[PDB]
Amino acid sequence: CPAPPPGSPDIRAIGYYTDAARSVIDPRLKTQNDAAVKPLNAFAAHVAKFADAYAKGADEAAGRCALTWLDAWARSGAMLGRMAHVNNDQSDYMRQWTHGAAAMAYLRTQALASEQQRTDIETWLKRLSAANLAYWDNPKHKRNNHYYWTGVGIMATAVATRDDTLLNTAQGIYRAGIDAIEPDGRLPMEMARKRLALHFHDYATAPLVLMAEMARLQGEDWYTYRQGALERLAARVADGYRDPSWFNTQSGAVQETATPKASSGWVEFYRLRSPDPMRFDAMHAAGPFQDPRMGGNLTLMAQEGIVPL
């Protein structure tokens, strides 16, 4: 259990796309952002590592280590200060993703928490939920996949604290994504991303599936809302990794060649829920899948449950 990075109240991230469709990356800006947000990405990667180690069994120490890191950031007010804006809103996106990583790690390890840790961490996760929700009050912030990802931290906080109000907030975010799917299966804000259209349909599916999976922890089946619409979207993604011709024509660009990885691991859960599960076998074979922003090892969580016994 090494020492945590500092948890500053403040964030200063850098946007890295060159074009109107935010589909081509400037590698100099990407390197600059990577260095600027390194504490946030190292925090998320470590707490997910500790949670995965706890889930193997016979390692309560790894679970307690995650809680030590979360408590330290809670007591320093991490991410609750200034979101600095340089060339876009990357600082706010980073707060959305890192809140998700922290809240997932707490949900997986909270059985081991002390009294003081519970109060410290749950208070911090609720303040982050309120701050992230307030960003979307401005109607000029377009509610694409960043909005769905904001729902990850709100929903994990809701389940862990048993807050029916935050639970209703998250259900609204999930339903807004489901309602955006068109009859032909597209999400229009993601189809606008040219050679990354397929990439961002995959990336928008991931948080919607994860909130639905978290809802099973309170016995609810969110896949009955507009039943079948999420399957049309997921089927287009699986089809697209086989043959991208539909994404090519509807986006106006040839899709960037890529293998499924990281957050593509939503398929590990969803193949257990679909009426046509073997359609997702080709994507499954690219695994195992790990993503700290989704709680860690998705291949193992789909078999063993999100929260270890």
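The numbering used is simple: start at 1 and walk along the sequence shown.
Between the stretches 165-173 and 85-93, it is 165-173 that shows the larger average CA temperature factor. Relative to its counterpart among 230-238 and 137-145, 137-145 has the higher mean temperature factor, C-alpha atoms as listed in the PDB entry. The residue among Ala44, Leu70, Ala58, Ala51 whose C-alpha carries the highest B-factor in the deposited model is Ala58. Ranked within its chain, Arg75 lands in the highest third, by CA B factor from the PDB record.
Sorting the modelled residues of the chain by their CA temperature factor places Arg293 in the lowest third.
In this PDB entry, the Cα temperature factor of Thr249 sits in the top third of its chain's modelled residues, the highest group. Ranked against the other modelled residues of its chain, the C-alpha B-factor of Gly153 as given in the entry falls in the middle third. In this PDB entry, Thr109 carries a Cα temperature factor that places it within the lowest third of its chain's modelled residues.
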